[PDB]
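So the protein sequences, as listed, match chains 1, 1', 2, 3, 3' and 3''. A prime marks a further copy of an entry chain.
So for the first sequence, PDB author numbering puts the first residue at 60; every next one is plus one.
So for the second sequence, PDB author numbering puts the first residue at 60; every next one is plus one.
Heads up: the third sequence is residues 14 to 42, 53 to 256, going by PDB author numbering.
So for the fourth sequence, PDB author numbering puts the first residue at 1; every next one is plus one.
So for the fifth sequence, PDB author numbering puts the first residue at 1; every next one is plus one.
So for the sixth sequence, PDB author numbering puts the first residue at 1; every next one is plus one.
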Amino acid sequence: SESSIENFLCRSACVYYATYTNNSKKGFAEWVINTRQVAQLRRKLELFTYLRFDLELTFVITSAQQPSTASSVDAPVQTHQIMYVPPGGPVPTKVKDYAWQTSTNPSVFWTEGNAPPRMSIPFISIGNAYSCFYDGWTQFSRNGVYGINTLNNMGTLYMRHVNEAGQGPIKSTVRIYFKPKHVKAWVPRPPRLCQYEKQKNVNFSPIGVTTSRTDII
Amino acid sequence: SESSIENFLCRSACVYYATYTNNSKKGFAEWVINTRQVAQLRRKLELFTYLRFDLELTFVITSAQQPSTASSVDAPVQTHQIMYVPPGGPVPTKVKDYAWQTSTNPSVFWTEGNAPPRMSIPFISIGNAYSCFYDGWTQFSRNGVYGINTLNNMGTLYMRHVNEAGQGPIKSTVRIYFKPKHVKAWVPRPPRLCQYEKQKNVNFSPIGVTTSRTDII
Amino acid sequence: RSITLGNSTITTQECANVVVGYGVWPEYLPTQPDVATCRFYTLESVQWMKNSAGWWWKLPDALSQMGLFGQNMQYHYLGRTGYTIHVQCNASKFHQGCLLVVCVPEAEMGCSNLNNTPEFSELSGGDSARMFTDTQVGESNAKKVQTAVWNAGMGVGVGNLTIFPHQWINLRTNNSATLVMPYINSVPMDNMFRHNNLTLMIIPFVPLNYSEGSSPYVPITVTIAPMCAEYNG
Amino acid sequence: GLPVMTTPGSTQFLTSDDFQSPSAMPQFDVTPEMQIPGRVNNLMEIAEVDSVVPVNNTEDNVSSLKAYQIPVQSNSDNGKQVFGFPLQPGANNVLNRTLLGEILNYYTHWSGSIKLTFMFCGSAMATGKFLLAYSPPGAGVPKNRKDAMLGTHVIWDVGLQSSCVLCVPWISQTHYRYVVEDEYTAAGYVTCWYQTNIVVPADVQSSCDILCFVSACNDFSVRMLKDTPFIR
Amino acid sequence: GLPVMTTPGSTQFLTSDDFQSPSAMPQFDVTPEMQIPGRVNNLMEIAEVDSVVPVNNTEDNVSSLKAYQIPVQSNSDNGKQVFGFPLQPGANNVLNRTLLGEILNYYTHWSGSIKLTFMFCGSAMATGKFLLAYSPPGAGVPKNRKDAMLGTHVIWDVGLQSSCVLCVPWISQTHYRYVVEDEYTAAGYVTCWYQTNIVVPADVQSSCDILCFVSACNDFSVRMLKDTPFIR
Amino acid sequence: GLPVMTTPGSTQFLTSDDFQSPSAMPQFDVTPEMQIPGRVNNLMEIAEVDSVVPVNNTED
């Protein structure tokens, strides 16, 4: 029963790691949600063609004092905003922007020294299953690029400090965790042989089938 | 079922943002509760004439060390007071005033580093429904100004530091969130075309009906 | 024997074994056609020579120029169709070889240049077999499909291709193959000018070999028949 | 006391939660409800009423009441077009600022039908005939009256009936085709054609006008709310 | 209020827990399920299908389709070996990249059986005989046909049957012996031997080939998942 | 939400407690028990067997 689909895929994996400082006026994080980021979880999810799962994310945020000038740098506790843009929503560009303050981008606000901020996303897609492989062009668009399938779009995530600060600069890292839940899988698939070259496509270089030996006997 | 009245209006929206420093002797926040502050929530609430809803507010308070003089600025945790004046109550003017200490202005006291301080206001009005649009003059007054309707008065909010401080000045921001609850709506209305000019009235400049095209065929 | 659909007739053996998809028969749920679309569209024959490598047909594009099915697609884009594929090669008892006949759903393919992505005239030829090569397509080309046979064009090992619904053609003992594929897609009715939801591959594992004097080719004949089709008009 | 254990995601403010809350003013005894007429239970009741479509935008009639009227006269040319508008959604079409198009810009995916009532606001003595032709997505705009006749059409007698109803579908997503490109061919058209001229008695004016309404025929299906683009 | 008491291990993130979580998007009404064919309920259904084993690696056939074919001819030497491969797991054996060996590298302890179907892809007129000998763990590789006959063997008639099935066990752990050391003696071998020559008519080619498949005979028993070594 | 109130002695580690604990490896399916002979249920069974007393210590 350790070879079930749930016990094979319901795990956790650090999928992103980004830093953002509070004073540089271009410091805020950004991650487009996909599965093709880490090469060890991508290979387990590409054994099936159609998948359907809930999602569950947990963020592990730290901080570090950057070297200020002088005269008793003291600081209160910090608070972070972790915004979730749904598929087809507005997108920030600066750290001070309208698109943070909107009403259908459900943020979470979280202060230091507490439990980490877990939030759960349901299965959001217009279709009936996510498709790991799509042979065809970009549907519902005027110009199409091969094998994109804009219907398995899951969202984006944006993070920033909500504390203004003047005395000491503070940079902060984040480690987004990732966990499928209630997984259903259809149409199995052979396991990938060659190395993963890029992220958006299945391009490869051809390699031999297996490891050589000196004779057949 | 995503076109219900509750699922269209029970959302959250940052409606105010103000700062207050603890030492300047005129630093304390103030917000008169209305709906006409943000232009994206005002347009959704003006599709109906009469509304009736509970309210639910949540405050996201931070801090920032202002540059003091010297010699080891250290500070304990801070505590804030968030007072709610009902419609027809006393109103502070200075940060040290009697009207903070009164008994029918229900405050909340909250220290840093905890969960944010949510409080809920019921439907408080003498009438039976809030009116987004009122054609007529100010009832129950000696002199009347057009389209005011003093019966949909919801209150005021005031915030300040309850910690005296001498070493390092501390300024603090606040983001009041806003969420209707158990919404009932009556008498629908066409959606607003022209730009919102001012807050107290429905004055406008006349604009065309729709976007032009080069021919009718 | 002597099965007939519309105005077309083929003949198969009665003691044949047909493999049916993932265990399910194609069935209806929209305008339902059965008037000039339920007939056997015989594609032209390819010749299995000695130094051959393989062939692939993208499935709802090979029938896009064939008849009124090729005109039902132009006036009705959305639709959901099953299939039925007969492949039979006719070689004598003095030839030898072995073919693998798979049907690969969502066979996304790789490019020769690593950055780019392949074009339409290299993915699918309408009613014409595109063929693998036993060599490596070099990276100097711009948009060409990486058609090395042992990686099956998809970066995956060609031995493991038997997880898809397949059938072996062994010229010592067998002659034909029959595949019944149902409708496999995420959305219930998809576009059809931008989505090739099946791919029929024929790959020779053990090559053709014969003595001197025999016919130096063996022709393979593919017959596709859209069963349980519909559209949205 | 009792042993508890706080999970991750505990002291956080998720701005789309549903928890209880302490009431800031108890003991108040709020005023009870009153039967006010016209209660909206759903936003698909603002959609089912019908509003007038500004078919005649034309770059200087938009700041006027001439944007709503389609001009109709009696000319000397046998067979011509009265109007025609596409159905490609969002891209500045005429059904955008109407009472239906202001709701469906608060959503991202919607799919349903449309009623399109017309009305001949001309004299009571004028008589004629009109073609109301709908081109399905994929088929182009018709160019003659004859090939507009061969598609889907309802031939409208003015003297017998002063209002015609033409029910079409309308989908948020437009299925393009890979090779043939044009700004709106896979959307549809609701173009209309002069079948006969307008024959009128003496001492009656010939130049009439037509109004055009839009509604929702059956119930829609909207999903994934967002914010409208009709704001600064 | 109510008295509680927080135990140790309370505000911690254990990355293998199972707690509830607040949903980031309620009120959404997700799209319901659809009957898509071919549902995988367990990873022991990818294992039961059979794939072709690259028995003929040989240092320059690995980038080809010649790695899958075992060459068979008709020589002038009475009794010789066709092929032979060990069963020592993990250490670069031929069943490693197959459809079974890609699942069992996601685990650490597994134990079960194996089907090994063969297939003679030669002419329909050629006739011969083959020995299929399995040496159990502890017994060495056989060196003659005679002592290969005395072990476990299935003698395969080519003209009567074009496919033979030989079912062996395969265990993750190899019980070594203390004194006698060799790289794989306590693993097994599936070596195969020429019983007779290949007798063929005129105008038929003599050099044939053999394919070899592998599967899982009964159900396996895997435990303690890990990550695969087939990555950078 | 629900109102609670944390008593004294709450975030402490008393090294002789008995509380539940989150399992670090779920979904594992451990190996079941086997009848191994000679099960000790109590330390008063090591005592009831008899051993020889060194009565004759005597320094060498």
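Note that the Cβ used here is the ideal one computed from N, Cα and C, for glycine as well.
Apart from the five residues just before and just after residue i, which ones in its own chain have a Cβ nearer than 6 Å to its Cβ?
{"i": "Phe92 (chain 2)", "result": "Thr60 and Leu86"}
{"i": "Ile207 (chain 1)", "result": "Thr197"}
{"i": "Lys238 (chain 1')", "result": "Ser71 and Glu115"}
{"i": "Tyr255 (chain 1)", "result": "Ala98"}
Output yes or no for whether 8 Å exceeds the beta carbon distance between residue i and residue j.
{"i": "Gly128 (chain 3')", "j": "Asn78 (chain 3')", "result": "no"}
{"i": "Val53 (chain 3)", "j": "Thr98 (chain 3)", "result": "yes"}
{"i": "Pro247 (chain 1)", "j": "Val30 (chain 3')", "result": "no"}
{"i": "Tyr134 (chain 3)", "j": "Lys226 (chain 3)", "result": "no"}
{"i": "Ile103 (chain 3)", "j": "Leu43 (chain 3)", "result": "yes"}
{"i": "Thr244 (chain 2)", "j": "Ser68 (chain 2)", "result": "yes"}
{"i": "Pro39 (chain 2)", "j": "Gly102 (chain 2)", "result": "no"}
{"i": "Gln94 (chain 2)", "j": "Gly149 (chain 2)", "result": "no"}
{"i": "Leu65 (chain 3')", "j": "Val214 (chain 3')", "result": "no"}
{"i": "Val222 (chain 3')", "j": "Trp110 (chain 3')", "result": "yes"}
{"i": "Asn82 (chain 1')", "j": "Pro228 (chain 1')", "result": "yes"}
{"i": "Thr138 (chain 1)", "j": "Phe168 (chain 1)", "result": "yes"}
{"i": "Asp203 (chain 3')", "j": "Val229 (chain 2)", "result": "no"}
{"i": "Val136 (chain 1)", "j": "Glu171 (chain 1')", "result": "yes"}
{"i": "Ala248 (chain 2)", "j": "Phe63 (chain 2)", "result": "yes"}
How far does the alpha helix (DSSP H) with residue i in it reach, from first residue to last?
{"i": "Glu65 (chain 1')", "result": "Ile64 to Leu68"}
{"i": "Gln119 (chain 2)", "result": "It is not in any alpha helix (DSSP H) - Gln119 (chain 2) instead sits in the beta strand (DSSP E) that spans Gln119 to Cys126."}
{"i": "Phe143 (chain 2)", "result": "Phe143 to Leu146"}
{"i": "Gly93 (chain 2)", "result": "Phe92 to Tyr98"}
{"i": "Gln99 (chain 1')", "result": "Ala98 to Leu104"}
{"i": "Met149 (chain 3')", "result": "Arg145 to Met149"}
{"i": "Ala85 (chain 2)", "result": "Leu82 to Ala85"}
On the DSSP bridge list, what partners appear for residue i?
{"i": "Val144 (chain 1)", "result": "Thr215 (chain 1)"}
{"i": "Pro86 (chain 3)", "result": "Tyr189 (chain 3)"}
{"i": "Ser23 (chain 3')", "result": "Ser179 (chain 1)"}
{"i": "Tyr176 (chain 3')", "result": "Answer is none; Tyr176 (chain 3') lacks a bridge partner."}
{"i": "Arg39 (chain 3)", "result": "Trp245 (chain 1')"}
{"i": "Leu2 (chain 3')", "result": "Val4 (chain 3'')"}
{"i": "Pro169 (chain 3')", "result": "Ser113 (chain 3')"}
For residue i, collect the residues of the same chain with a Cβ closer than 7 Å to its Cβ; drop the 5 residues on either side in sequence, then sort them by chain order.
{"i": "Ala67 (chain 3')", "result": "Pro54, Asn56, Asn57 and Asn61"}
{"i": "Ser190 (chain 1')", "result": "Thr108, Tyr109, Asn208 and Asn211"}
{"i": "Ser172 (chain 3)", "result": "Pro89, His109, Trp110 and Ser111"}
{"i": "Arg95 (chain 1)", "result": "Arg101 and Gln258"}
{"i": "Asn193 (chain 2)", "result": "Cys121"}
I need the boundaries of the beta strand (DSSP E) containing residue i, first residue and last residue.
{"i": "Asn232 (chain 2)", "result": "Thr222 to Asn232"}
{"i": "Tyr109 (chain 1')", "result": "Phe107 to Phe118"}
{"i": "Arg234 (chain 1')", "result": "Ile229 to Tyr236"}
{"i": "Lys129 (chain 3')", "result": "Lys129 to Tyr134"}
{"i": "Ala216 (chain 3)", "result": "First-last for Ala216 (chain 3): undefined, no H or E at that position."}
{"i": "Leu202 (chain 2)", "result": "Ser199 to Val203"}
Can you list, in chain order, the residues of its chain with a C-beta nearer than 8 Å to that of residue i? Leave out the 5 residues immediately preceding and following it.
{"i": "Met5 (chain 3')", "result": "none"}
{"i": "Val242 (chain 1')", "result": "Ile64, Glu65, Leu68, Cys69, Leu110, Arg111 and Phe112"}
{"i": "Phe187 (chain 2)", "result": "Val125, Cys126, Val127 and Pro128"}
{"i": "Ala216 (chain 3')", "result": "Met44, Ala47, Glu48, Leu100, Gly112, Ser113, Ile114 and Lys115"}
Contact between the region 19 to 39 of chain 3'' and the region 10 to 21 of chain 3': three or more CB pairs below 8 Å? Remark: three or more beta-carbon pairs, one from each stretch, lie closer than 8 Å, so the region 19 to 39 of chain 3'' and the region 10 to 21 of chain 3' are flagged as touching.
Mind the definition here: the region 165 to 174 of chain 2 touches the region 74 to 83 of chain 1' only if three or more C-beta pairs lie below 8 Å; say whether that holds. Here the region 165 to 174 of chain 2 does not lie against the region 74 to 83 of chain 1', with fewer than 3 beta-carbon pairs under 8 Å apart.
Tell me whether the region 255 to 272 of chain 1' and the region 113 to 129 of chain 1' touch, counting them as touching only if at least three CB pairs, one residue from each stretch, are closer than 8 Å. Touching, no, given that fewer than three Cβ pairs across the two stretches are closer than 8 Å.
Cβ contact (3+ pairs, closer than 8 Å) linking the region 152 to 169 of chain 2 and the region 118 to 131 of chain 2: Two segments are said to touch when three or more pairs of C-beta atoms, one from each, lie closer than 8 Å; by this definition the region 152 to 169 of chain 2 does not touch the region 118 to 131 of chain 2.
Specify whether the region 85 to 97 of chain 3 and the region 147 to 156 of chain 3 touch according to this definition: at least 3 beta carbon pairs, one from each stretch, less than 8 Å apart. With the cut-off at 8 Å, the region 85 to 97 of chain 3 and the region 147 to 156 of chain 3 do not touch.
Using 8 Å as the cut-off, can you tell me whether the region 156 to 170 of chain 1' makes contact with the region 144 to 158 of chain 1, which would need three or more C-beta pairs spanning the two stretches below that distance? Segments in contact, no.
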